[PDB]
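In what follows, a single structure is set out as structure tokens and then discussed.
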Amino acid sequence: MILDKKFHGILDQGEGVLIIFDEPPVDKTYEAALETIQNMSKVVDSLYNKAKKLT
Amino acid sequence: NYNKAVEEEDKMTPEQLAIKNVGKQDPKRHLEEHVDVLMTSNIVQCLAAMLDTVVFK
Amino acid sequence: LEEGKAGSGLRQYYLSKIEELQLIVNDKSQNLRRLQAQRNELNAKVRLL
Amino acid sequence: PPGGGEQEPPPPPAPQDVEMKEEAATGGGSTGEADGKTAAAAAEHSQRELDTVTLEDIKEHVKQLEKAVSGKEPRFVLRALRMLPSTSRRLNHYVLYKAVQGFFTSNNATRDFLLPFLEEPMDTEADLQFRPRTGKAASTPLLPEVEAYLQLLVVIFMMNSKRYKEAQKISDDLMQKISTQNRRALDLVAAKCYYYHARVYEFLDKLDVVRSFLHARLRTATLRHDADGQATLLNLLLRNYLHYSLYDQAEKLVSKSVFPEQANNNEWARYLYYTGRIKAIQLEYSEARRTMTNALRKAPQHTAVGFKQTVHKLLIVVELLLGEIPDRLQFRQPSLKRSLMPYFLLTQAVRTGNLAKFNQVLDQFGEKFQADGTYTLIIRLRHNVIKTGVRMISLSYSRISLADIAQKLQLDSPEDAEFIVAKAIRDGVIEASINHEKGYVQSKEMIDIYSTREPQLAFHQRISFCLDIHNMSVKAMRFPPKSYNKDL
Amino acid sequence: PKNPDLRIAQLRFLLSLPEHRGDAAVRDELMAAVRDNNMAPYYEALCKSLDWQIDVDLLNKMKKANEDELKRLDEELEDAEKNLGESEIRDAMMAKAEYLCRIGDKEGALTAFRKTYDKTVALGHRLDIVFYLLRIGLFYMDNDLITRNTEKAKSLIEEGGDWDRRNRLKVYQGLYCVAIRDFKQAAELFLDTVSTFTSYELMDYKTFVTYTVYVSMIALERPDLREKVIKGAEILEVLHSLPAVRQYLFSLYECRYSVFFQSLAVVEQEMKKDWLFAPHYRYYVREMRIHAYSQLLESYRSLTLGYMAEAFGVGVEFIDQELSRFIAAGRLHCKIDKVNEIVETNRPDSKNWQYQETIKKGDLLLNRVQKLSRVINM
Amino acid sequence: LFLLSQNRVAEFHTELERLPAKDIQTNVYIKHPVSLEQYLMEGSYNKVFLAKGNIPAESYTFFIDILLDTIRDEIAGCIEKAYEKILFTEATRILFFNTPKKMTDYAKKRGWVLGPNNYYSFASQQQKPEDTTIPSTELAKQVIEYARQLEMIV
Amino acid sequence: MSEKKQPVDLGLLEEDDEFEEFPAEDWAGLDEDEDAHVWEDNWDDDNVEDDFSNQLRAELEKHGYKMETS
Amino acid sequence: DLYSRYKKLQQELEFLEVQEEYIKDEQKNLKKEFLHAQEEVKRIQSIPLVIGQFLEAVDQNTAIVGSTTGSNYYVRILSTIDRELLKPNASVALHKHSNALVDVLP
């Protein structure tokens, strides 16, 4: 059920220690990574227009 | 979200800019608005030194 | 002799490089004043508004 | 007889239109372009000249023109000669002299009219007014064409071309400092010439005249230069210091200067390949890795395949020294593949690290990578295999056994185990906790990244440096718009 | 072609490399050689066959029957020519090209499918000709020749997805996407298995399921399986054909390595000796092992050697070099320590590394804007 | 020998280019310095000590002993780095003979504590982290430079 | 300058004159199974492939015998 | 004339050099005036206003607008609004006094 991600937790065999944690700011790295991936096509297309107009 | 909401059209801009290159038909500049977004984003940079002063002394 | 053609010659060539620096200041004044004409024309345009 | 006799005159006049139209468009375009203000308009024809040289480097012009087709050699500029004003009758002569050779036949030769090339430059090169730019723009393009095919006793003729070039302009110069667009262009023109007869230099003779004179001519280049042509003149000196100079007390850490804007859009790749080739003998791990890989990723304009195979070869050769060897993944070209085929078995054999077998595998079929000279870095690699292997042990578990991992590392002895492992600890690239409780050697091997471990001090310099590079890139997007609006 | 000679002549891979199974393949290959004009294929592959004692017996009859049917298709082509009609010439030249695909010669079938490719009155028959080049391109295992006519014939359909035309083209997409190692985009192709049917032309339905169970079983994670196949009733219908697949799905989803490793030898032996699935046998094994190790190691922070050795049913000496090679080579999680002889990882891959996933695009974008600085002035 | 003695081994690494001139290449003295310096790159001192008697009657064995006398400070200094701790039972074998020159000279050179037949290591990863005040001030100066470079021409 | 590429291309002509189409066809025996495949994955698959080419290539058939012995 | 060009040219060096801080002052001040007039024309657009209806667009940057009372008004549209708001059947809203449109209502 942790592999199913129904709640926050993780098991243990050697020590049996239970740890519960979460990462609230999920909407930051998604929008940032999408801006990087979308801007890659912008810079590459710019290099296509300039590479086309030069050589 | 507004930045990406304009970049989704800026993905289509290099096609028209790669076809016609003559004349401008869209009254939107897509530049000064993002400059203003950067100006609102620089508040973190300008106030980071303020937090450095409040934490320092 | 060999000074006005060699010593003052390289001094005049250094003056030509100074003319190149005044060409960088020159065209910087040119494009900065053309952008100044663009901002003046836009602010004057909203003044006409 | 009818095949080549009937199909013989179609081939020859194929390049005539693009060569005459090319020399008239670049000659009349450059002289007619900067004629009014040569000092004002600068560097407009630089990229045109280098693009025409790189465009004419793969010319198949001369394949059969040795048999009565050499008529292009005796002709030359003949533009407004013998008189500066009243050039109308010479405008008619432009069609006259081009039309005389085309009526029935033409008396031509190959090696006869070569020496008397200085008849016109004695009195008037082109017009007696634009002598420098028309002298170099007249002589320097057509001379490598006749001086092609360096072999077959052309070396002496190339020497005649040398003494003609220096004797006419570059014994010192025609005038001490031209100080114009033909001066800043003359830097890379004389430099490119030095690369042209550099094969003649390195062929049988060596450095005792001209490249030694290139220091006096190099600093005579005035110190106020942008160091573009001066740096290109430094490239031939560093390449002359590449094969066998071997003194490192002056150019290493003394050649390093203010470093002005020396880009040339190629000189970062080849110049940085040169300084990384010289900085690659002391086993540079941090600097030459990133900057030489970047130089590999640079220069995509003309060819990134035929020339980057050597910086790639040296790149991976110095990459396998650190234990982590990245192979060819993102580049698909059938040149680095064939170049890497003999080296692939050993560069893949580095990570496994078998001493006795691969030691015989190297010299077994080793011909070229060990015949490259002095076997220095491979004779360091023969005992670096165990250091990359023990670095893989540092990337492996902590506890070191006396039989399992010692027998696995082909080293079964208690003393040299902890001794050589300690020799890997004193390097400083790894982290270990030397403790002796019952005789076993432990290690903490904490390779945990700076996540939640002093982050501000960790990526502080990352933020400062990245904002410095991106901010000088902001300058690199502010200044070119000024170079756009400068003319209007 | 679409005849069973594609599969019978497709068993030449297991006929060639192993010498144990080379008896039944030459049994039904020699028995099926009298079908679909198999002369030229097995004559080309005669080096991997028996001697020439019985070989030269039927060649005299096949070489004359080839010329007989060929000249009958030529006479029929001449009878169809010089007459008003479009589909008649398409059927004559197309049938001649089908017989030239039966003999296995793509020269006259190349120019033949080029002529009838130029006589295509509609784009649907053009795509049918493209498929006629794909059915032989599977046997010829060409790379670009089968992607050129599909790259050109892909756009401008405008007639909608048919029941077996578009589905058959999607089947071909599954074929060339099984050839290539592309999985994250090939996991969407087999979703139309509801409309698929027994296609004797290229691959049987049970062979299509048997081939997609590898890309689906390995190329998908637990949420992807639970969403796609576990929720779908298709695998629930086709699991009753072979009881092994149900074991390799419920044992993998159930995380029972004691039976998955005992039964994995059938996946190892069955994985090889295949036409298009053999040369990739090294990637599925390692990728599935690292996928299972990331599956068990995902929900587990620390792991003792006792529960691990009992769970996987293998000695510690093997998992030692396993994880030792998967720290640097595999690159699945953080550094592992053996100070207590216990597998103990940290995995700080969320908090700081979730923000650090963009630094690679920041450095590559930094070199790309250095290229942007290289475009300046030249 | 002088370059390796003066800790100029980088000039040796760059100097390894002119010596393979293929002049003799079969004498033991031609390959002796490169094998000894390659063993220095390995760092194994046992092979040098066991190979001390392998040198022929060539009278530079005393100079090789001078080399060992000028590298014993670096080998002994690197083996006595003491990141966490080291026991005397290893220094008995790794170090030189029972002559108490190392424990006497190194007691006045290193200046460390001598415990009960053990070598203790102090000042190891004991540095206290910063108060985050100074890096905040230099971050404020960096912000000043960001307003400068970002808004200078304006 | 781009003029220094000529002797390097001459070295490429010497390497091509060593073996005449021998590595293109002999290496093409594997390239026909490697063509159109992503070469980024071929570094890992070729890494473990060449790593296991000496011994224990498959090793999956041996685990059934190693269960009772280890 | 030959040697006098240096010291005579120095006057042009000073006359062109003095323009640097001048164009700095103009480029730093005229944008402050640009945001002054920009916010001054921005603050004219007030929320309290009357909502009319759009009828037809006769040319670029100028069109007619039907008021709520039924009378048609001829008002030059503002330059900031793009051509997207020029829909013939749209819910345009002018100002109560300025009678200028800021944004249309869905």
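A quick note on method: Cβ atoms are made from the backbone with ideal geometry, for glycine too, and the neighbour counts reach across all protein chains shown. Taken together, the values in this text are just the output of simple stated rules run on the coordinates, not laboratory data.
Assorted remarks:
- Of all the listed residues (E:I319, E:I359, E:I327), the sole one being surrounded by fewer than 17 Cβ atoms within 10 Å (Cβ to Cβ), on the phi < 0 side of the Ramachandran plot and not charged (D, E, K, R) is E:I359.
- Residue list for the stretch H:16-31, filter: part of a helix (DSSP H, G or I) and more than 10 Å from chain C (Cβ to nearest Cβ): H:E21, H:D25, H:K28, H:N29
- Counting only helices (runs of 4 or more DSSP H) that fall entirely inside the stretch D:1-103 and contain at least 1 residues that are over 36 Å from the mean Cα position of the chain (by Cα), the qualifying elements are D:2-6, D:88-100.
- Test for D:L242: is it under 15 Å from the mean Cα position of the chain (by Cα), surrounded by fewer than 17 Cβ atoms within 10 Å (Cβ to Cβ) and closer than 23 Å to D:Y194 by Cβ: yes
Yes or no, residue by residue, for (1) closer than 24 Å to E:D349 by Cβ; (2) in a loop (DSSP other than H, G, I, E, B); (3) facing chain E (nearest Cβ under 8 Å):
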{"residue": "D:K438", "(1), (2), (3)": "no, yes, no"}
{"residue": "D:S451", "(1), (2), (3)": "yes, yes, yes"}
{"residue": "D:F459", "(1), (2), (3)": "yes, no, no"}
{"residue": "D:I469", "(1), (2), (3)": "no, no, yes"}
{"residue": "D:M472", "(1), (2), (3)": "no, no, no"}
{"residue": "D:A476", "(1), (2), (3)": "no, no, yes"}
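- Test: residue in the stretch E:354-365 that is over 30 Å from D:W268 (Cβ atoms) and either within 7 Å of another protein chain (Cβ to nearest Cβ) or under 41 Å from the mean Cα position of the chain (by Cα) (or both): yes
- Identity of the residue in chain A, within 7 Å of another protein chain (Cβ to nearest Cβ) and among the hydroxyl-bearing types (S, T, Y), that ends up farthest from the chain's Cα centre (by Cα): A:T55
- Matching residues in the stretch E:22-78 - criterion: being among the charged types (D, E, K, R), part of a helix (DSSP H, G or I) and touching a helix residue (DSSP H, G or I) at 6+ places or on another chain (Cβ under 8 Å): E:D28, E:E29, E:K48, E:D55, E:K63, E:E69, E:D74, E:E76
- Counting only residues that are aromatic (F, W, Y) and either in a loop (DSSP other than H, G, I, E, B) or surrounded by fewer than 14 Cβ atoms within 10 Å (Cβ to Cβ) (or both), the stretch D:140-184 holds 1 of them.
- Count of the stretch F:114-154 residues which are small (G, A, S) and assigned to a loop (DSSP other than H, G, I, E, B): 4
- Across the stretch D:383-408, the qualifying residues are those that are closer than 15 Å to D:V350 by Cβ and either polar (S, T, N, Q) or not in a helix (DSSP H, G or I) (or both), and the one among them that is farthest from the other protein chains (Cβ to nearest Cβ) is D:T388.
- Considered as a group, the residues in the stretch E:123-145 that are among the aliphatic types (A, V, I, L, M) and crowded, with 17+ Cβ neighbours inside 10 Å include one that is nearest to E:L276 (Cα to Cα), and that residue is E:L138.
- Checked against (1) in a loop (DSSP other than H, G, I, E, B); (2) within 7 Å of another protein chain (Cβ to nearest Cβ), C:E3 passes all but condition (2).
- Residue within the stretch E:272-294 that is over 17 Å from G:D44 (Cβ atoms) and within 7 Å of another protein chain (Cβ to nearest Cβ) present: no
- For first residues located in the stretch D:191-219 and surrounded by 13 or more Cβ atoms within 10 Å (Cβ to Cβ), partners that are of a type in the set (S, T, N, Q) and lie 6+ apart or on another chain with Cβ distances below 6 Å form the pairs D:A191/D:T232; D:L207/D:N240; D:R211/D:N240.
- In the stretch B:6-18, of all residues being within 11 Å of chain A (Cβ to nearest Cβ) and either hydrophobic (A, V, I, L, M, F, W, C) or over 19 Å from A:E35 (Cα atoms) (or both), the one that is surrounded by the most Cβ atoms within 10 Å (Cβ to Cβ) corresponds to B:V6.
- Every listed requirement among (1) buried (at least 16 other Cβ atoms within 10 Å of the Cβ); (2) in a loop (DSSP other than H, G, I, E, B) is met by D:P326 save one, (1).
- Residue that is farthest from the other protein chains (Cβ to nearest Cβ), among those in the stretch E:163-186 that are aromatic (F, W, Y) and assigned to a loop (DSSP other than H, G, I, E, B): E:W163
- Residue count, the stretch F:34-87 (criterion: surrounded by fewer than 17 Cβ atoms within 10 Å (Cβ to Cβ), more than 8 Å from chain D (Cβ to nearest Cβ) and part of a loop (DSSP other than H, G, I, E, B)): 7
- Considering only residues in the stretch E:270-319 that are more than 30 Å from G:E34 (Cβ to Cβ), among the charged types (D, E, K, R) and part of a helix (DSSP H, G or I), the one that is nearest to the chain's Cα centre (by Cα) turns out to be E:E298.
- Residue count for the stretch G:45-70 satisfying the condition of being more than 12 Å from D:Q348 (Cβ to Cβ), among the acidic types (D, E) and assigned to a helix (DSSP H, G or I): 2.
- First in the stretch B:29-55 and more than 14 Å from chain F (Cβ to nearest Cβ) and under 27 Å from B:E9 (Cβ atoms), second anywhere and surrounded by 12 or more Cβ atoms within 10 Å (Cβ to Cβ) and hydrophobic (A, V, I, L, M, F, W, C), Cβ under 8 Å, 6 or more apart: B:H30/B:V6; B:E33/B:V6; B:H34/B:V6
- Subset of the stretch D:265-281 that is under 23 Å from F:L16 (Cα atoms) and of a type in the set (F, W, Y) - its residue that is surrounded by the most Cβ atoms within 10 Å (Cβ to Cβ): D:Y273
- In the stretch D:102-139, the qualifying residues are those that are over 24 Å from D:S30 (Cβ atoms) and among the β-branched types (V, I, T), and the one that is surrounded by the fewest Cβ atoms within 10 Å (Cβ to Cβ) is D:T105.
One line per residue, one yes/no per condition, for (1) under 10 Å from the mean Cα position of the chain (by Cα); (2) in a helix (DSSP H, G or I); (3) within 11 Å of chain D (Cβ to nearest Cβ):
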{"residue": "C:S16", "(1), (2), (3)": "no, yes, yes"}
{"residue": "C:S29", "(1), (2), (3)": "yes, yes, yes"}
{"residue": "C:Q36", "(1), (2), (3)": "no, yes, yes"}
{"residue": "C:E41", "(1), (2), (3)": "no, yes, no"}
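- Helices (runs of 4 or more DSSP H) (entirely within chain B) containing at least 1 residues that are farther than 17 Å from A:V43 by Cα and among the acidic types (D, E): B:32-56
- When the residues of the stretch D:245-260 are filtered to those that are among the charged types (D, E, K, R) and at the interface with another protein chain (Cβ under 10 Å from one of its Cβ atoms), the one that is surrounded by the fewest Cβ atoms within 10 Å (Cβ to Cβ) is D:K252.
- Test: residue in the stretch E:136-149 that is among the charged types (D, E, K, R), away from chain G (no Cβ under 14 Å) and in a helix (DSSP H, G or I): no
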